[PDB]
Structures are given as structure tokens and as C-alpha cells.
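Peer 1: The structure follows.
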Amino acid sequence: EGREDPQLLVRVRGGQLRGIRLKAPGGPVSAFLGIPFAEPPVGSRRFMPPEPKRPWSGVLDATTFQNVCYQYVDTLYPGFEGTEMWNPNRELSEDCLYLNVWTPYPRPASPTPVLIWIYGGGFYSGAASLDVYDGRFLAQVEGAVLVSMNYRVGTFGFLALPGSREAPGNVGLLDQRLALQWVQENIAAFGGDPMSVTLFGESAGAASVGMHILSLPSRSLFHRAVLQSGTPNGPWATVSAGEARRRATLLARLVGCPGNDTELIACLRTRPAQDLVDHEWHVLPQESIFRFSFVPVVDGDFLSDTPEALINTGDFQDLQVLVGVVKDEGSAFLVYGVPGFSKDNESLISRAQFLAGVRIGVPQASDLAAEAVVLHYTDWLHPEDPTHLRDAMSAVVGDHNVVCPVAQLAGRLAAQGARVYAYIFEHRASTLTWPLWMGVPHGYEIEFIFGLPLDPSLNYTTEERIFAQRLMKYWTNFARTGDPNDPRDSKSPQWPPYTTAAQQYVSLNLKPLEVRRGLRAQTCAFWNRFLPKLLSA
Ligand SMILES: Nc1ccc2c(c1)c(-c1ccccc1)[n+](CCCCCCc1cnnn1CCNc1c3c(nc4ccccc14)CCCC3)c1cc(N)ccc21
């Protein structure tokens, strides 16, 4: 042990770890990468809840990111930064249950607020080791302890035969919960305050954060939550038990597996990981965007009822949440199989291409409901205009899947006692490689929250760097105090809480905070109040 940095040896419940001193623009940070938190969910453990990592002897090397959970690697535009940056940057393995910790260097003398990141990727992809989730900046600049975990995705994480012992569903959420217990027991060793833990996440990550809010055992493992561009309620983040059974069964069938649940699961198990991935998209009931095959299941266990029912009837008195959306939630989804759309042209579509796109975006919808969406999203002054049709298509997808589900999460937590803060993120990164027409696409605020623009080698404007500092300040102020506003700062414009009466939220851009009212109030009344009833009859 004798000749290495004394500031990088830490013990956890499972044994000794050696971390790595990393360089950040302002100075050094401690990182402890690839800490096993669960027994490898391999072999007979596939589809099964995670078991706590057994203790090891000797010093575990925690200097590098560990394997990414098995997943479909995106190949829409091979070589393209815009898609590759989300693709796994470590080898794929079922042995993937590891978490990462960044802390100031030297580690803080007094108990520090902890941020826990949960990545998105439609519950079928993603990794805590992606460049855009690098905790070094928040660690260094804000003095925060940042934890991020891998969790199982796709079949391995969410395939369920509800009611069975061998494949209960929701195990990917259980991986996340186990990483949270790991933080409770171990984060004090790194100088984190386990009594001050904020979850934050984007997309499926946000939806996950939301499910932890709505699940009893998880509630005791954190104090605050941030949901970025995603919600537990909504059309994509969950499935009924019935539907999850249908999908598991169909996939079983597609890989050559037959009648009860034990035999079926044993057979799946058995199957090479790649075979499962290769067939997962085939189980979707309709041609669709923003829908994913294997997602959290309403099991009557982890989720005791539908997220809708739980937000309508829950008590959220002691909760504080920060929630928000980006300007162009839907645009990215269009290039993934809406005919008409491409990254390499303006995507000026036709009316036919729009009606076709609406069916794909609202899958789900009877002929009448589709007519409603179309009528509501058509500009009747220019009903044939390709620019507007392209933007309406984007908005349809963005509104239905993200903006409007966020609109109620907020309105609904607020009506039941939560302190809520809402934002629209409106800045397009100067470094962004998607075309202009896509505006500010799903996921493109994360790099700012994590303070990447502070890395001078990244070529961000000045400007964008000051902006990244502001957001980091809002987020860690929220983590620290349940309120993004600067306590001492007299002059800087206030971020008011979202309420049902005033419906206030802020724009996050290069200009100072501007308070707007109503989150697409008029349009979200369509998706949240009218469409459901139209779908009944
Ligand atoms: N021929 C085949 C064979 C197998 C599969 C195929 C196609 C497709 C497909 C590809 C193109 C068009 C239509 C379908 N998808 C569906 C992909 C749909 C992905 C939608 C975009 C998205 C949403 N959340 N995560 N992602 C994946 C990419 N990661 C991103 C992320 C984020 N933001 C963005 C923004 C732009 C581009 C990507 C992206 C932010 C959060 C995390 C990931 C699959 C999905 C599967 N689970 C398995 C197989 C296949």
C-alpha cells in the first residue's frame, strides 16, 4: 500500500478501493470508477433481482469505468458524433452492475451533499460512463459528491412475466435502488452526507427518478429529485402487467422458447445475450416512435398502481422536485423511422407524410383521436406548408411524450404539497452536430448541467461557459437546500416555485432568468384532459 497517493485509498462495506486523481480545469478531483455494487446478474441470475455485492479481499482497483450493460448499439448514422456520443464507450457485458463516485480532491472535511445520476436511453440503452455524464466538473467546481450507477436495460433489466418468481419485472429499477442503498451505507467514507441525497436524471432516467418517488422502499433513500425531460406517468415509461406478459411471451417465441413461466424463463436463459437484443424491437404492438419494448411494469409491487393513480392520490408534502423540458423534445425521434425525416436535409414534409407521422407518434390512437391531433396541430392558414408540418410533427411527439406528462407531474405534485420548480431549456449548444431544424433536441442540456463547457479543449463559447456555471449553481443549490435560488445573492432574478394558480416556470438560456406562465397550458389540456376521454369512447 505504501507508495501510492494516500488520498485515494478508501474502504467500503465490501472492502478496500483505490481511486484515481483526475485533472479538471480548475484543479484535481478524486474518482472511484467501477465499484461493484451487486453480484454479477449473470447465468441463472438473468432477469432476477440484484443481490448485494459480496465482500472481496485486497484492494479493488477503481481507476477505470467498468462494462456497459448489454444493449442495442445505435447505427442510424455510423461515425456521426450526434449518435455515437450516446453509444456504449466500454465493452458490453451482463456483468455490468458497477457505480462511479467523483469527489473533491482532497476529499471534503465536512459532510457534502450527494448527487445521484440515473441515465436515460429508453430503458434499453445507456451507461454511466459516457463523456456527457462526467462528474469531475460538479465535483471540482461545486465541491459536490456525484454518484452514477449502471443498471440493466432492455430484456435483461425489464423483461417480465408478472407474478412469477424467476422474472418479476422491474429488476433494472431494483439495480438502481441497490445503488441507492449502497450510497446510504458507504458514501460517508468519501465524505458524502447520506442525509442529503438528490436524485437527478434525464429521459428514462427522469422517469426512473419519478418511479423512486412513487415507490415506498426507495423514498427512504433520497430527499430531493430532479426530473429532466421525462416522467413516470405518460405513454412510454410503463406497461401494464398484461402487456409485459405479452411482450415477454412473444420475445420468448421469437428466440425459440415455448407452458408455464418457469420453463419459459429457464429457456430464455440459455439464450445468448445478443440474441435477446437482436429481437427486442419486434415485440412492439404497432409501428411507433418514442415507445420501447421493455420498460418498468405496473406489477403491484415496485409500482403498487399506475403512476397516474399514484400521483393523483399521493401525499407529497415533504418532497421538493425540480422538473423541466428542452425546447425541441420530439425532433430527434423523427429521424428514427418517421418517413420524410433526415439529419441531412431540412425534412420539409408533405401533408400525407404528417398524417402518416401522427399515426406513428400516437400509436395508441383510434381514427378519431388521430383526426383530433391533426386538426389541433394543423395551421389552417398554411395547412400544406412543409416547414410548419415538419415542426408540428416534432411538437406532436415532444408534447405527447414529454412536455405534457411533465406538465401534470408538476401541476399534480404541486397540488399535493410538493415544492416544485419548472424550466424550459432553450439554448442550442454552439458545438451541436444535428441540423438547425431539430432546434434543442432531447438530451442536449445534460452537457451544460454537468459543466462540460468548462473544459477549454471542448471549443464552447465564453458565454456558454458562464451559462454552464449558472446551471451547475442552480442544480447544486437545489441539491444543497431544496431551492435553486442563491440564498445570499440579492440582485440575481428569482426562480419562483411552480404552482397551480400561477403556473410559473423559467427559461434557461444565455439571457438572465425570465419567468413565463403556463407550460403549454392550452395544448396540454388536449393531451391530459381530452384525449384520454376520447380514447375511452
Ligand atoms: N433496423 C433496426 C434494427 C434494430 C433496431 C432498430 C432498427 C431501431 C430503429 C432505428 C432507426 C429507426 C427506427 C428504428 N431501434 C429503435 C431506436 C429508437 C431510438 C430513439 C432515440 C432514443 C431515445 N432515447 N434513447 N435513444 C437512443 C439514442 N440515444 C439518445 C439519447 C438521448 N438523446 C438522443 C438524441 C439524439 C439521438 C440519440 C439520443 C438522451 C438520453 C439518452 C440517450 C431499436 C431499438 C431497440 N431497443 C432494439 C433494436 C432496434
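Naming scheme: A, B, ... for chains in displayed order of the C-alpha cells; residues 1 onward per chain; ligands 1 onward as shown.
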Quick one: DSSP helix (DSSP H, G or I) residues in stretch 217-300 of chain A, as an NGL selection string?
Peer 2: :A and (217-219 or 241-254 or 261-267 or 273-283)
Peer 1: Would you write out those residues with C-alpha atoms, as an mmCIF file, in the first residue's frame?
Peer 2:
data_model
loop_
_atom_site.group_PDB
_atom_site.id
_atom_site.type_symbol
_atom_site.label_atom_id
_atom_site.label_comp_id
_atom_site.auth_asym_id
_atom_site.auth_seq_id
_atom_site.Cartn_x
_atom_site.Cartn_y
_atom_site.Cartn_z
ATOM 1 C CA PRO A 217 -38.879 1.484 -0.143
ATOM 2 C CA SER A 218 -37.000 3.930 -2.404
ATOM 3 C CA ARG A 219 -38.420 7.060 -0.716
ATOM 4 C CA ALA A 241 -48.653 -6.453 -16.284
ATOM 5 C CA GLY A 242 -50.772 -7.861 -19.098
ATOM 6 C CA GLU A 243 -48.810 -6.164 -21.857
ATOM 7 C CA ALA A 244 -45.435 -7.024 -20.310
ATOM 8 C CA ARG A 245 -46.537 -10.679 -20.279
ATOM 9 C CA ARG A 246 -47.492 -10.410 -23.934
ATOM 10 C CA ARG A 247 -44.103 -8.985 -24.884
ATOM 11 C CA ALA A 248 -42.019 -11.417 -22.819
ATOM 12 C CA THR A 249 -44.005 -14.290 -24.299
ATOM 13 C CA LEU A 250 -43.621 -13.032 -27.891
ATOM 14 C CA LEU A 251 -39.869 -12.489 -27.488
ATOM 15 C CA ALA A 252 -39.619 -15.951 -25.906
ATOM 16 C CA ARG A 253 -41.331 -17.262 -29.020
ATOM 17 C CA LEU A 254 -39.066 -15.288 -31.413
ATOM 18 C CA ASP A 261 -43.328 -19.441 -16.611
ATOM 19 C CA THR A 262 -40.503 -21.489 -15.079
ATOM 20 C CA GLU A 263 -39.762 -23.484 -18.290
ATOM 21 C CA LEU A 264 -40.083 -20.394 -20.431
ATOM 22 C CA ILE A 265 -37.679 -18.349 -18.295
ATOM 23 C CA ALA A 266 -35.210 -21.188 -17.909
ATOM 24 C CA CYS A 267 -35.199 -21.364 -21.714
ATOM 25 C CA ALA A 273 -27.396 -12.016 -24.722
ATOM 26 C CA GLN A 274 -27.057 -10.833 -28.314
ATOM 27 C CA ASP A 275 -29.989 -12.960 -29.478
ATOM 28 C CA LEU A 276 -32.192 -11.166 -26.946
ATOM 29 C CA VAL A 277 -31.025 -7.732 -28.107
ATOM 30 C CA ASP A 278 -31.398 -8.698 -31.795
ATOM 31 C CA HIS A 279 -35.097 -9.426 -31.266
ATOM 32 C CA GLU A 280 -36.292 -6.891 -28.692
ATOM 33 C CA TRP A 281 -37.719 -4.260 -31.082
ATOM 34 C CA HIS A 282 -40.014 -6.826 -32.696
ATOM 35 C CA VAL A 283 -42.365 -7.095 -29.719
#
Peer 1: Could you tell me, counting only C-alpha atoms and all ligand atoms, which protein and nucleic acid residues lie no more than 9 Å from ligand 1, written as number ranges by chain?
Peer 2: A: 71-76, 82-87, 119-127, 154, 202-205, 277-282, 288-294, 331-338, 434, 441-444, 446
Peer 1: Give the answer as one residue: which of A:183, A:48, A:214, A:139 has the shortest atom-to-atom distance to residue A:319, using only C-alpha atoms?
Peer 2: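 The shortest atom-to-atom distance to residue A:319 comes from A:214.
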Peer 1: Identify, on the basis of only C-alpha atoms, every residue whose closest approach to residue A:491 does not exceed 12 Å; exclude the query and any residue fewer than 6 positions from it along the same chain; express the result as a PDB file with C-alpha atoms, in the first residue's frame.
Peer 2:
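Output below, filename result23.pdb:
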ATOM      1  CA  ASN A 485     -32.003  30.265  -5.927  1.00  0.00           C
ATOM      2  CA  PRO A 512     -30.917  36.004 -17.351  1.00  0.00           C
ATOM      3  CA  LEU A 513     -33.906  34.021 -15.956  1.00  0.00           C
TER       4      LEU A 513
END
Peer 1: Go through A:400, A:105, A:186, A:118 and flag the residue nearest residue A:377, using only C-alpha atoms for the distances.
Peer 2: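 Ranked by minimum distance to residue A:377, first place goes to A:400.
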Peer 1: Measuring between only C-alpha atoms, which one of A:368, A:20, A:237, A:132 shows the shortest distance to residue A:453?
Peer 2: A:132
Peer 1: Choose the residue, out of A:110, A:115, A:526, A:505, that has the smallest atom-to-atom separation from residue A:375; count only C-alpha atoms.
Peer 2: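 Result for the nearest residue to residue A:375: A:526.
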